[PDB]
Every structure is written in C-alpha cells, then in structure tokens.
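J.: The file below is my_file.txt, compact mmCIF, N, CA and C atoms and all ligand atoms:
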```txt
# COMPACT_ATOMS: atom_id res chain seq x y z
N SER A 1 14.14 -16.20 37.12
CA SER A 1 14.20 -15.52 38.41
C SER A 1 15.55 -14.82 38.57
N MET A 2 16.60 -15.60 38.75
CA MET A 2 17.97 -15.13 38.58
C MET A 2 18.56 -15.85 37.37
N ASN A 3 19.37 -15.15 36.63
CA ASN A 3 20.09 -15.82 35.56
C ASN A 3 21.30 -16.55 36.14
N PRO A 4 21.67 -17.70 35.59
CA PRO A 4 22.92 -18.33 35.98
C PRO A 4 24.09 -17.56 35.40
N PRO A 5 25.31 -17.77 35.90
CA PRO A 5 26.47 -17.23 35.19
C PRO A 5 26.52 -17.81 33.79
N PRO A 6 27.00 -17.05 32.82
CA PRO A 6 27.06 -17.56 31.45
C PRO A 6 28.14 -18.62 31.32
N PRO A 7 28.11 -19.41 30.25
CA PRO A 7 29.20 -20.38 30.04
C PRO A 7 30.53 -19.67 29.90
N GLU A 8 31.59 -20.27 30.42
CA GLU A 8 32.89 -19.63 30.30
C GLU A 8 33.32 -19.55 28.84
N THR A 9 34.09 -18.52 28.52
CA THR A 9 34.67 -18.36 27.20
C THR A 9 36.19 -18.39 27.23
N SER A 10 36.79 -18.48 28.41
CA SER A 10 38.21 -18.72 28.54
C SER A 10 38.42 -19.48 29.84
N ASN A 11 39.54 -20.19 29.91
CA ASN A 11 39.88 -20.96 31.10
C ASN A 11 41.38 -21.23 31.07
N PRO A 12 42.14 -20.73 32.05
CA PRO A 12 43.60 -20.89 32.00
C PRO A 12 44.07 -22.33 32.13
N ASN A 13 43.21 -23.24 32.57
CA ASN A 13 43.59 -24.64 32.74
C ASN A 13 43.14 -25.54 31.60
N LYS A 14 42.39 -25.01 30.63
CA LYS A 14 41.91 -25.81 29.52
C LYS A 14 42.83 -25.60 28.33
N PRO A 15 43.47 -26.65 27.80
CA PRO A 15 44.37 -26.46 26.66
C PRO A 15 43.66 -25.80 25.49
N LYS A 16 44.37 -24.88 24.84
CA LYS A 16 43.84 -24.03 23.78
C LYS A 16 44.54 -24.37 22.47
N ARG A 17 43.83 -24.20 21.36
CA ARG A 17 44.40 -24.60 20.09
C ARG A 17 43.75 -23.84 18.95
N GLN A 18 44.55 -23.54 17.93
CA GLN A 18 44.10 -23.01 16.65
C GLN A 18 44.32 -24.10 15.61
N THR A 19 43.26 -24.49 14.90
CA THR A 19 43.35 -25.44 13.81
C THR A 19 42.65 -24.87 12.59
N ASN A 20 42.97 -25.42 11.41
CA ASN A 20 42.29 -24.94 10.21
C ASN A 20 40.80 -25.23 10.26
N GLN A 21 40.38 -26.32 10.92
CA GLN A 21 38.95 -26.59 11.02
C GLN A 21 38.25 -25.59 11.93
N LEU A 22 38.88 -25.25 13.05
CA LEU A 22 38.31 -24.24 13.93
C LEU A 22 38.30 -22.87 13.26
N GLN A 23 39.34 -22.53 12.49
CA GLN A 23 39.32 -21.30 11.70
C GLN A 23 38.16 -21.29 10.73
N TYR A 24 37.90 -22.43 10.08
CA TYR A 24 36.77 -22.52 9.16
C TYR A 24 35.47 -22.27 9.90
N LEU A 25 35.31 -22.86 11.10
CA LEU A 25 34.08 -22.64 11.84
C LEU A 25 33.93 -21.18 12.25
N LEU A 26 35.04 -20.54 12.63
CA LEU A 26 34.97 -19.11 12.94
C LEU A 26 34.53 -18.31 11.71
N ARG A 27 35.06 -18.65 10.53
CA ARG A 27 34.62 -17.99 9.30
C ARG A 27 33.13 -18.21 9.06
N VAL A 28 32.65 -19.43 9.26
CA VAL A 28 31.22 -19.70 9.09
C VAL A 28 30.40 -18.82 10.03
N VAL A 29 30.84 -18.69 11.28
CA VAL A 29 30.11 -17.85 12.22
C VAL A 29 30.14 -16.39 11.79
N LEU A 30 31.33 -15.85 11.52
CA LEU A 30 31.45 -14.41 11.28
C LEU A 30 30.83 -14.00 9.94
N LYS A 31 31.04 -14.80 8.89
CA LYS A 31 30.60 -14.42 7.56
C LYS A 31 29.14 -14.77 7.29
N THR A 32 28.60 -15.77 7.98
CA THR A 32 27.30 -16.31 7.61
C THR A 32 26.33 -16.39 8.78
N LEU A 33 26.63 -17.18 9.81
CA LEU A 33 25.62 -17.44 10.83
C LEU A 33 25.30 -16.20 11.66
N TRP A 34 26.33 -15.45 12.04
CA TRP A 34 26.12 -14.28 12.90
C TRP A 34 25.29 -13.22 12.19
N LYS A 35 25.39 -13.15 10.86
CA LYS A 35 24.71 -12.13 10.07
C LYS A 35 23.32 -12.55 9.63
N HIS A 36 22.93 -13.80 9.86
CA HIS A 36 21.65 -14.31 9.40
C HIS A 36 20.51 -13.58 10.10
N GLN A 37 19.42 -13.38 9.37
CA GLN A 37 18.27 -12.65 9.90
C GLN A 37 17.63 -13.33 11.11
N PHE A 38 17.86 -14.63 11.32
CA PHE A 38 17.32 -15.34 12.47
C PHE A 38 18.33 -15.49 13.61
N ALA A 39 19.52 -14.90 13.49
CA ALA A 39 20.56 -15.12 14.49
C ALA A 39 20.24 -14.46 15.83
N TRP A 40 19.49 -13.36 15.82
CA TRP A 40 19.40 -12.49 16.99
C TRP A 40 19.01 -13.16 18.30
N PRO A 41 18.02 -14.07 18.38
CA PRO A 41 17.71 -14.67 19.69
C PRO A 41 18.84 -15.51 20.22
N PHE A 42 19.76 -15.93 19.35
CA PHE A 42 20.85 -16.83 19.68
C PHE A 42 22.18 -16.11 19.87
N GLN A 43 22.22 -14.79 19.76
CA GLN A 43 23.48 -14.06 19.82
C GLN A 43 23.99 -13.82 21.23
N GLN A 44 23.26 -14.25 22.25
CA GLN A 44 23.65 -14.05 23.63
C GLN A 44 22.91 -15.06 24.47
N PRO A 45 23.38 -15.34 25.69
CA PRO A 45 22.65 -16.23 26.59
C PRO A 45 21.20 -15.79 26.76
N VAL A 46 20.32 -16.76 26.94
CA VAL A 46 18.92 -16.44 27.22
C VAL A 46 18.85 -15.66 28.53
N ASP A 47 18.28 -14.46 28.48
CA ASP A 47 18.13 -13.62 29.66
C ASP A 47 16.75 -13.92 30.22
N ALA A 48 16.69 -14.91 31.12
CA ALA A 48 15.42 -15.33 31.68
C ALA A 48 14.77 -14.25 32.54
N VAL A 49 15.56 -13.32 33.09
CA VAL A 49 14.98 -12.23 33.86
C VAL A 49 14.28 -11.23 32.94
N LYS A 50 15.00 -10.75 31.92
CA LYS A 50 14.42 -9.76 31.02
C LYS A 50 13.25 -10.32 30.23
N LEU A 51 13.31 -11.59 29.85
CA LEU A 51 12.24 -12.21 29.08
C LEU A 51 11.14 -12.80 29.95
N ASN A 52 11.25 -12.71 31.27
CA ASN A 52 10.26 -13.27 32.18
C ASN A 52 10.02 -14.75 31.90
N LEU A 53 11.11 -15.52 31.89
CA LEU A 53 11.06 -16.96 31.64
C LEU A 53 11.63 -17.69 32.85
N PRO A 54 10.92 -17.67 33.98
CA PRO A 54 11.49 -18.29 35.19
C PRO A 54 11.71 -19.78 35.08
N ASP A 55 11.09 -20.46 34.12
CA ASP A 55 11.29 -21.89 33.98
C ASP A 55 12.45 -22.25 33.06
N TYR A 56 13.05 -21.28 32.37
CA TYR A 56 14.04 -21.61 31.35
C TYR A 56 15.19 -22.43 31.91
N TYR A 57 15.81 -21.96 32.99
CA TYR A 57 16.96 -22.65 33.55
C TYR A 57 16.58 -23.76 34.53
N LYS A 58 15.28 -23.99 34.76
CA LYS A 58 14.85 -25.24 35.35
C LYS A 58 14.87 -26.36 34.32
N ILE A 59 14.58 -26.03 33.07
CA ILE A 59 14.51 -26.99 31.98
C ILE A 59 15.85 -27.16 31.28
N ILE A 60 16.59 -26.07 31.09
CA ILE A 60 17.82 -26.07 30.30
C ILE A 60 18.99 -26.02 31.29
N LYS A 61 19.62 -27.18 31.50
CA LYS A 61 20.76 -27.31 32.41
C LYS A 61 22.10 -27.25 31.69
N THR A 62 22.12 -27.24 30.37
CA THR A 62 23.35 -27.06 29.60
C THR A 62 23.13 -25.93 28.60
N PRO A 63 23.02 -24.68 29.08
CA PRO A 63 22.76 -23.58 28.15
C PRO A 63 23.92 -23.36 27.20
N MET A 64 23.59 -22.88 26.01
CA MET A 64 24.62 -22.51 25.05
C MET A 64 23.98 -21.56 24.06
N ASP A 65 24.79 -20.64 23.54
CA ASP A 65 24.32 -19.63 22.60
C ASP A 65 25.48 -19.28 21.68
N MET A 66 25.14 -18.62 20.56
CA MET A 66 26.13 -18.33 19.55
C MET A 66 27.07 -17.20 19.94
N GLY A 67 26.66 -16.31 20.85
CA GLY A 67 27.62 -15.34 21.37
C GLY A 67 28.75 -16.01 22.13
N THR A 68 28.41 -16.98 22.98
CA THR A 68 29.40 -17.77 23.69
C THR A 68 30.28 -18.54 22.71
N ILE A 69 29.68 -19.17 21.70
CA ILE A 69 30.47 -19.94 20.74
C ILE A 69 31.43 -19.02 19.99
N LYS A 70 30.93 -17.86 19.54
CA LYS A 70 31.78 -16.90 18.84
C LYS A 70 32.96 -16.49 19.71
N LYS A 71 32.70 -16.15 20.97
CA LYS A 71 33.78 -15.74 21.86
C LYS A 71 34.75 -16.88 22.13
N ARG A 72 34.24 -18.12 22.26
CA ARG A 72 35.12 -19.27 22.44
C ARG A 72 36.05 -19.43 21.24
N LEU A 73 35.51 -19.34 20.03
CA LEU A 73 36.36 -19.40 18.84
C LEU A 73 37.37 -18.27 18.82
N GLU A 74 36.93 -17.05 19.14
CA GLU A 74 37.82 -15.89 19.12
C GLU A 74 38.92 -16.00 20.18
N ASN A 75 38.68 -16.74 21.27
CA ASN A 75 39.64 -16.90 22.34
C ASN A 75 40.44 -18.20 22.25
N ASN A 76 40.28 -18.97 21.18
CA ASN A 76 40.97 -20.26 21.03
C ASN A 76 40.61 -21.23 22.16
N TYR A 77 39.38 -21.13 22.65
CA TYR A 77 38.96 -21.93 23.79
C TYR A 77 38.89 -23.41 23.46
N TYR A 78 38.50 -23.75 22.24
CA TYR A 78 38.29 -25.13 21.84
C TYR A 78 39.61 -25.82 21.51
N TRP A 79 39.65 -27.13 21.75
CA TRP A 79 40.76 -27.92 21.24
C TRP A 79 40.50 -28.44 19.85
N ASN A 80 39.25 -28.75 19.52
CA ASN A 80 38.98 -29.30 18.20
C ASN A 80 37.60 -28.85 17.72
N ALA A 81 37.36 -29.10 16.43
CA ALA A 81 36.10 -28.71 15.82
C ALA A 81 34.91 -29.41 16.46
N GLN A 82 35.08 -30.66 16.90
CA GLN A 82 33.97 -31.40 17.49
C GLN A 82 33.40 -30.70 18.72
N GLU A 83 34.26 -30.09 19.54
CA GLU A 83 33.76 -29.36 20.70
C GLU A 83 32.86 -28.21 20.27
N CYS A 84 33.23 -27.50 19.21
CA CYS A 84 32.42 -26.39 18.73
C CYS A 84 31.11 -26.90 18.13
N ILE A 85 31.19 -27.95 17.31
CA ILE A 85 30.00 -28.55 16.73
C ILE A 85 29.04 -29.00 17.82
N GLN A 86 29.58 -29.59 18.89
CA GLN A 86 28.74 -30.00 20.01
C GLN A 86 28.03 -28.82 20.64
N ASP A 87 28.73 -27.69 20.80
CA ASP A 87 28.08 -26.51 21.36
C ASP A 87 26.92 -26.05 20.48
N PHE A 88 27.10 -26.05 19.16
CA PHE A 88 25.98 -25.71 18.28
C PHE A 88 24.82 -26.68 18.45
N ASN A 89 25.12 -27.98 18.51
CA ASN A 89 24.05 -28.95 18.69
C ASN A 89 23.32 -28.73 20.01
N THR A 90 24.07 -28.44 21.08
CA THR A 90 23.44 -28.12 22.35
C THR A 90 22.53 -26.91 22.22
N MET A 91 23.00 -25.86 21.53
CA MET A 91 22.18 -24.66 21.36
C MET A 91 20.86 -24.98 20.67
N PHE A 92 20.93 -25.70 19.55
CA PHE A 92 19.70 -25.98 18.81
C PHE A 92 18.77 -26.89 19.60
N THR A 93 19.31 -27.97 20.18
CA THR A 93 18.43 -28.88 20.92
C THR A 93 17.83 -28.22 22.15
N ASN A 94 18.55 -27.29 22.80
CA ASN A 94 17.95 -26.55 23.92
C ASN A 94 16.69 -25.82 23.47
N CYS A 95 16.75 -25.20 22.29
CA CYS A 95 15.59 -24.50 21.78
C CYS A 95 14.42 -25.46 21.55
N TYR A 96 14.71 -26.63 20.99
CA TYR A 96 13.65 -27.61 20.75
C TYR A 96 13.08 -28.17 22.05
N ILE A 97 13.93 -28.31 23.07
CA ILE A 97 13.52 -28.87 24.35
C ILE A 97 12.66 -27.89 25.14
N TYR A 98 13.04 -26.61 25.15
CA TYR A 98 12.30 -25.65 25.96
C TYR A 98 10.98 -25.26 25.32
N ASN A 99 10.97 -25.09 24.00
CA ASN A 99 9.80 -24.60 23.28
C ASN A 99 8.97 -25.77 22.78
N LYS A 100 7.99 -25.49 21.92
CA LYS A 100 7.08 -26.49 21.40
C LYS A 100 7.09 -26.44 19.88
N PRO A 101 6.84 -27.56 19.21
CA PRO A 101 6.84 -27.55 17.74
C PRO A 101 5.89 -26.48 17.22
N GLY A 102 6.31 -25.80 16.16
CA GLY A 102 5.52 -24.74 15.57
C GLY A 102 5.74 -23.37 16.18
N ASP A 103 6.41 -23.27 17.32
CA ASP A 103 6.78 -21.96 17.84
C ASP A 103 7.70 -21.26 16.86
N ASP A 104 7.53 -19.94 16.75
CA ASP A 104 8.37 -19.17 15.84
C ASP A 104 9.85 -19.39 16.11
N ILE A 105 10.24 -19.42 17.39
CA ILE A 105 11.65 -19.56 17.73
C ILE A 105 12.19 -20.91 17.26
N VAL A 106 11.35 -21.94 17.28
CA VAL A 106 11.76 -23.26 16.80
C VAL A 106 11.99 -23.24 15.29
N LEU A 107 11.11 -22.57 14.54
CA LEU A 107 11.32 -22.44 13.11
C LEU A 107 12.62 -21.71 12.79
N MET A 108 12.96 -20.70 13.58
CA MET A 108 14.22 -19.99 13.37
C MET A 108 15.42 -20.90 13.64
N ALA A 109 15.39 -21.63 14.76
CA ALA A 109 16.48 -22.54 15.06
C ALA A 109 16.64 -23.59 13.96
N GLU A 110 15.52 -24.11 13.44
CA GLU A 110 15.59 -25.13 12.40
C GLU A 110 16.30 -24.60 11.16
N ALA A 111 16.02 -23.36 10.77
CA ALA A 111 16.68 -22.80 9.60
C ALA A 111 18.16 -22.59 9.84
N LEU A 112 18.53 -22.07 11.01
CA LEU A 112 19.95 -21.90 11.32
C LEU A 112 20.66 -23.24 11.38
N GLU A 113 20.00 -24.24 11.96
CA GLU A 113 20.63 -25.56 12.06
C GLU A 113 20.83 -26.17 10.68
N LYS A 114 19.86 -26.00 9.79
CA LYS A 114 20.00 -26.54 8.44
C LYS A 114 21.17 -25.90 7.72
N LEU A 115 21.33 -24.58 7.87
CA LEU A 115 22.45 -23.90 7.25
C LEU A 115 23.77 -24.33 7.89
N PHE A 116 23.80 -24.43 9.22
CA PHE A 116 25.01 -24.90 9.89
C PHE A 116 25.39 -26.30 9.42
N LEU A 117 24.40 -27.18 9.27
CA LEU A 117 24.67 -28.54 8.82
C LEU A 117 25.27 -28.54 7.42
N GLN A 118 24.79 -27.65 6.55
CA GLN A 118 25.39 -27.52 5.23
C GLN A 118 26.87 -27.17 5.35
N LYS A 119 27.19 -26.23 6.23
CA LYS A 119 28.58 -25.81 6.40
C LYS A 119 29.43 -26.92 7.03
N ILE A 120 28.85 -27.69 7.96
CA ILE A 120 29.60 -28.81 8.55
C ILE A 120 29.96 -29.84 7.49
N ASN A 121 29.03 -30.11 6.56
CA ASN A 121 29.32 -31.05 5.49
C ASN A 121 30.43 -30.57 4.56
N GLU A 122 30.83 -29.30 4.66
CA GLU A 122 31.94 -28.76 3.89
C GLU A 122 33.16 -28.48 4.76
N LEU A 123 33.20 -29.05 5.96
CA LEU A 123 34.32 -28.83 6.86
C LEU A 123 35.59 -29.38 6.22
N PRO A 124 36.68 -28.62 6.21
CA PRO A 124 37.90 -29.09 5.55
C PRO A 124 38.58 -30.19 6.37
N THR A 125 39.47 -30.91 5.70
CA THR A 125 40.33 -31.85 6.40
C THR A 125 41.38 -31.08 7.20
N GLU A 126 41.89 -31.73 8.25
CA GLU A 126 42.84 -31.06 9.12
C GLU A 126 44.26 -31.09 8.55
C1 LIG A 201 16.94 -18.75 21.92
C2 LIG A 201 15.64 -18.99 22.62
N1 LIG A 201 15.26 -20.21 22.92
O1 LIG A 201 14.01 -20.08 23.57
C3 LIG A 201 13.69 -18.77 23.63
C4 LIG A 201 12.40 -18.42 24.27
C5 LIG A 201 14.68 -18.04 23.04
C6 LIG A 201 14.72 -16.56 22.89
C7 LIG A 201 15.88 -15.86 23.25
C8 LIG A 201 15.92 -14.48 23.21
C9 LIG A 201 14.77 -13.82 22.81
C10 LIG A 201 13.62 -14.49 22.41
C11 LIG A 201 13.59 -15.88 22.45
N2 LIG A 201 12.62 -13.57 22.10
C12 LIG A 201 13.15 -12.40 22.32
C13 LIG A 201 12.45 -11.09 22.16
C14 LIG A 201 11.11 -11.22 21.45
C15 LIG A 201 10.39 -9.90 21.32
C16 LIG A 201 9.67 -9.37 22.38
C17 LIG A 201 8.98 -8.17 22.25
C18 LIG A 201 9.00 -7.49 21.05
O2 LIG A 201 8.34 -6.31 20.82
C19 LIG A 201 7.38 -5.85 21.80
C20 LIG A 201 6.52 -4.79 21.14
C21 LIG A 201 5.55 -4.11 22.09
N3 LIG A 201 4.32 -4.87 22.37
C22 LIG A 201 3.29 -4.01 22.96
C23 LIG A 201 3.79 -5.52 21.17
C24 LIG A 201 9.72 -8.00 19.98
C25 LIG A 201 10.41 -9.20 20.12
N4 LIG A 201 14.45 -12.47 22.76
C26 LIG A 201 15.33 -11.38 23.17
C27 LIG A 201 16.10 -10.82 22.00
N5 LIG A 201 16.95 -9.71 22.42
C28 LIG A 201 17.09 -8.72 21.36
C29 LIG A 201 17.92 -7.56 21.83
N6 LIG A 201 19.25 -8.02 22.22
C30 LIG A 201 20.09 -6.90 22.64
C31 LIG A 201 20.43 -6.02 21.46
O3 LIG A 201 20.49 -4.80 21.57
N7 LIG A 201 20.63 -6.66 20.31
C32 LIG A 201 20.71 -5.96 19.03
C33 LIG A 201 19.94 -6.67 17.96
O4 LIG A 201 18.54 -6.53 18.26
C34 LIG A 201 17.67 -7.18 17.43
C35 LIG A 201 18.08 -7.83 16.27
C36 LIG A 201 17.14 -8.43 15.45
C37 LIG A 201 15.80 -8.41 15.78
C38 LIG A 201 15.40 -7.77 16.95
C39 LIG A 201 16.31 -7.14 17.80
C40 LIG A 201 15.55 -6.55 18.93
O5 LIG A 201 15.97 -5.91 19.88
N8 LIG A 201 14.21 -6.86 18.70
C41 LIG A 201 13.08 -6.52 19.57
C42 LIG A 201 12.80 -5.03 19.69
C43 LIG A 201 11.57 -4.83 20.58
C44 LIG A 201 11.70 -5.53 21.90
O6 LIG A 201 11.10 -5.15 22.91
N9 LIG A 201 12.52 -6.63 21.96
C45 LIG A 201 13.23 -7.18 20.93
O7 LIG A 201 13.94 -8.16 21.09
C46 LIG A 201 14.04 -7.59 17.52
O8 LIG A 201 12.97 -7.99 17.09
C47 LIG A 201 19.14 -9.04 23.28
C48 LIG A 201 18.28 -10.19 22.81
```
Give the structure from the file, written as structure tokens.
Ligand SMILES: Cc1noc(C)c1-c1ccc2c(c1)nc(CCc1ccc(OCCCN(C)C)cc1)n2CCN1CCN(CC(=O)NCCOc2cccc3c2C(=O)N([C@@H]2CCC(=O)NC2=O)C3=O)CC1
T.:
Amino acid sequence: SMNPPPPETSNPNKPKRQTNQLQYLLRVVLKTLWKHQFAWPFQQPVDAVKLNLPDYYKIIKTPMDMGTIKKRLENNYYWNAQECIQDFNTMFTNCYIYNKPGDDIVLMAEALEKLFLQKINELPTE
C-alpha cells in the first residue's frame, strides 16, 4: 500500500569501522554477488507499491536487501562482519518467509545464499 522507509545506510550515532573482514565482504558483494544473474530482485528494497504486494510489509517486519547491505559496507556502517552476515541472513530468510517453497524467487535466493555461504567459509581472520 505504502512502502516503509528503507533501512538506514548511515547513522551519525552508530560507531563506524573498517576491518579486513568487512573489506572482504565488500569485495564479495562487488566482485561476485552484485553481478550474479539472480541478484536483481535483491538489489533494492522490495517496492510493495510497484509490485502490488500489499501484504509484504505486513509479513516482513525486518526488511533487508543487498542494495542496503552494499551501501552500508560502502559507508562503513557496520562495526563487524557479523552485523553484515546477519543482514544477509535476514534478506534470505525474509524471502523464504514471504514466499512459498518452489517459487522462482525462492530458488534464486537459495542459489545466492549457497554462494554467499561458500564465501563466508573463506572469511579471513581479523
Ligand atoms: C526479493 C523478493 N522477495 O519476495 C519477492 C516477491 C521479491 C521480489 C523483489 C523484486 C522483484 C520481484 C520479486 N519480481 C520482480 C519483477 C518480476 C517481473 C515482473 C514482470 C515482468 O515482465 C512483465 C512482462 C509483460 N507481461 C504482459 C508478461 C518481468 C519480471 N521484482 C522487481 C525487480 N525490479 C527490476 C527493475 N529494478 C530497477 C532497474 O532498473 N533495475 C535494473 C536491472 O533490471 C533487471 C535486471 C535483471 C533482470 C530484470 C531486470 C528488470 O527490470 N526486469 C523486468 C523487466 C520487465 C518488467 O516489467 N519488470 C522487470 O523487473 C528483469 O527481468 C527494480 C527491481
């Protein structure tokens, strides 16, 4: 019906940090995840108005998308890698929660999540 405001990507009161693990996650996003053929539905907040999904934000109370994550990394919004990993997990589980097994969008999220999990298993030490 109306879209909510998107998740913040900067906040003057939230401590900001650059770490080698967060740099690695930014590289994973820019070099791999953002360019993936299934990235497009996840590159920006779900536009429930344009997609005619009036129930989306009744069901999804913690929205997250890869455009927000990318901007958070680019703005040094995160303090640690775990915060970014959590945002990815929120993004994928939101897709599974709103949709139904076998939906095309769920298959896309599953492939992106599997690739992301591969990259997380190669996360460097701090
Ligand atoms: C996540 C998630 N979790 O749960 C849900 C639900 C979702 C979810 C979220 C978003 C979804 C989404 C699902 N599905 C879509 C669009 C699906 C769609 C709709 C109509 C269509 O074609 C209609 C053809 C005419 N009919 C008579 C058949 C093609 C795809 N979208 C919207 C995708 N939007 C694509 C456009 N983007 C703005 C933009 O300019 N981005 C540039 C990249 O555009 C890309 C990149 C890759 C692939 C496609 C696009 C793109 O615009 N389309 C199509 C083109 C036709 C069209 O009307 N819409 C599209 O999205 C693609 O198939 C904004 C986002």
J.: Could you jot down the atom C of residue 58 in chain A to atom N of residue 94 in chain A separation for me, Å, one decimal place?
T.: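 Distance between the two atoms: 12.1 Å.
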J.: Could you check the closest approach to residue 10 in chain A for each of A:114, A:126, A:71, A:85 and tell me which residue wins, using all atoms listed in the file?
T.: A:71
J.: Taking only C-alpha atoms and all ligand atoms into account, which residues are within 12 Å of ligand LIG 201 (chain A), as a VMD selection string?
T.: chain A and resid 34 to 57 59 to 60 63 to 67 88 90 to 101 103 to 110 112
J.: Do you know which residues are at most 8 Å from residue 8 in chain A counting all atoms listed in the file, after dropping those on the same chain fewer than 5 positions away, and could you put them as a PyMOL selection string?
T.: chain A and resi 68+71-72+77
J.: Between CA of residue 24 in chain A and CA of residue 87 in chain A, what is the spacing in Å?
T.: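 Calculated distance between CA of residue 87 in chain A and CA of residue 24 in chain A is 15.5 Å.
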J.: Could you work out how far CA of residue 12 in chain A lies from CA of residue 27 in chain A, giving the answer in Å with one decimal?
T.: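 Pair CA of residue 27 in chain A / CA of residue 12 in chain A returns 24.6 Å.
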J.: Point out the residue among A:81, A:73, A:25, A:30 with the least atom-to-atom distance to residue 119 in chain A, counting only N, CA and C atoms.
T.: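 With only N, CA and C atoms as the atom set, the closest residue is A:25.
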J.: Write out as a PyMOL selection string each polymer residue whose atoms come within 7 Å of residue 79 in chain A, counting only N, CA and C atoms; drop sequence neighbours fewer than 2 positions from it.
T.: chain A and resi 15-19+76-77+81-84
J.: Could you work out an axis-aligned bounding box for all listed atoms of range 118-124 of chain A, with 8 Å added on each of the six sides, and give its centre and edge lengths in Å to one decimal, as lines of an AutoDock Vina configuration file?
T.:
```
center_x = 31.7
center_y = -28.4
center_z = 6.2
size_x = 29.8
size_y = 21.2
size_z = 20.7
```
J.: Pick out the closest residue to residue 74 in chain A from this set: A:120, A:5, A:26, A:14. Count only C-alpha atoms.
T.: A:26
J.: Would you return as a ChimeraX atom specification the members of range 63-122 of chain A that DSSP assigns to alpha helix (DSSP H) on this structure's backbone?
T.: /A:66-74,81-98,104-120
